[PDB]
Amino acid sequence: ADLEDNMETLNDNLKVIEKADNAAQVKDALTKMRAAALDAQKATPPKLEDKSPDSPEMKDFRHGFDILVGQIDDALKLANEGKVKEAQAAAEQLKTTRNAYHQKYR
């Protein structure tokens, strides 16, 4: 159990992603991740406790998504701009942040 938050909305696209992938499909799947991802980042991810007890807490979260939510967008305009024909190659690649984030709460 972790960001069960952004994850709950992730299972939706993560699923429609399996059978989905073509241009229109994968095109709609991403949009969902963009609107959903924007919520996790824009949403107060209290899971880790926003009450930034130390200080540099929040800003610390804008880093995780900032990177992920940053790739999702490049995956959309990339498929609608024709990065879709060559994308099919990245779709099989995956993203799982190379730095397999910790299991969750360290």
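Bear in mind these aren't lab numbers, they're just calculated from the coordinates by the rules spelled out. Note that we place each Cβ from the backbone using ideal geometry, even for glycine, and neighbour counts take in every protein chain shown.
Go over the candidates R106, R34 one by one and state the one that is of a type in the set (D, E, K, R) and either surrounded by 11 or more Cβ atoms within 10 Å (Cβ to Cβ) or touching a residue at least 60 places away in the same chain (Cβ under 8 Å) (or both). Among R106, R34, only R34 is of a type in the set (D, E, K, R) and either surrounded by 11 or more Cβ atoms within 10 Å (Cβ to Cβ) or touching a residue at least 60 places away in the same chain (Cβ under 8 Å) (or both).
Listed here are the residues, each with its yes/no results for (1) in a helix (DSSP H, G or I); (2) touching a residue at least 40 places away in the same chain (Cβ under 8 Å); (3) in contact with an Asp or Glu (Cβ under 6 Å, 6 or more places away or on another chain); (4) surrounded by fewer than 16 Cβ atoms within 10 Å (Cβ to Cβ).
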residue	(1), (2), (3), (4)
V26	yes, yes, no, no
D39	yes, no, no, yes
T44	no, no, yes, yes
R62	yes, no, no, yes
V69	yes, no, no, no
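Selection of segment 71-102 for residues being among the polar types (S, T, N, Q) and surrounded by 12 or more Cβ atoms within 10 Å (Cβ to Cβ) yields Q71, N80, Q88.
Among the residues of segment 74-103, count how many are charged (D, E, K, R) and either in contact (Cβ under 8 Å) with a residue 60 or more places away in the chain or under 19 Å from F61 (Cβ atoms) (or both). Lay out the reasoning, then the answer.
Step one: filter segment 74-103 for residues charged (D, E, K, R), giving 74, 77, 81, 83, 85-86, 92, 95, 98.
Then keep just the ones that are either in contact (Cβ under 8 Å) with a residue 60 or more places away in the chain or under 19 Å from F61 (Cβ atoms) (or both); that gives 95.
Here the count works out to 1.
Results for (1) among the charged types (D, E, K, R); (2) over 17 Å from the mean Cα position of the chain (by Cα); (3) over 27 Å from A20 (Cα atoms), shown as yes or no for each residue.
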{"residue": "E57", "(1), (2), (3)": "yes, yes, yes"}
{"residue": "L68", "(1), (2), (3)": "no, no, no"}
{"residue": "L76", "(1), (2), (3)": "no, no, no"}
{"residue": "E81", "(1), (2), (3)": "yes, yes, no"}
{"residue": "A90", "(1), (2), (3)": "no, no, no"}
{"residue": "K95", "(1), (2), (3)": "yes, no, no"}
{"residue": "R106", "(1), (2), (3)": "yes, yes, yes"}
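As a summary of the residue check, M58 satisfies the conditions (1) surrounded by 14 or more Cβ atoms within 10 Å (Cβ to Cβ); (2) aliphatic (A, V, I, L, M); (3) within 22 Å of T9 (Cα to Cα) except for the one numbered (1).
Identify all residues within segment 1-24 that are within 25 Å of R106 (Cβ to Cβ) and either of a type in the set (D, E, K, R) or part of a loop (DSSP other than H, G, I, E, B) (or both); write none if there are none. Quick ask: steps written out before the conclusion?
Of all residues in segment 1-24, those within 25 Å of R106 (Cβ to Cβ) come to 1-11, 14.
Result: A1, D2, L3, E4, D5, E8.
Of the residues making up segment 1-39, those that are touching a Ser or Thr at 6+ places or on another chain (Cβ under 9 Å) and more than 30 Å from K85 (Cβ to Cβ) number 1.
Residues that are more than 22 Å from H102 (Cα to Cα), of a type outside the set (K, R) and surrounded by 17 or more Cβ atoms within 10 Å (Cβ to Cβ): does segment 5-18 have at least one? It would help to see each step written out before you state the result.
So in segment 5-18, the residues more than 22 Å from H102 (Cα to Cα) come out as 12-13, 15-18.
Keeping just the survivors that are of a type outside the set (K, R) gives 12-13, 16-18.
Now restrict to residues that are surrounded by 17 or more Cβ atoms within 10 Å (Cβ to Cβ): 13, 17.
The answer is yes, given that some residue of segment 5-18 is more than 22 Å from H102 (Cα to Cα), of a type outside the set (K, R) and surrounded by 17 or more Cβ atoms within 10 Å (Cβ to Cβ).
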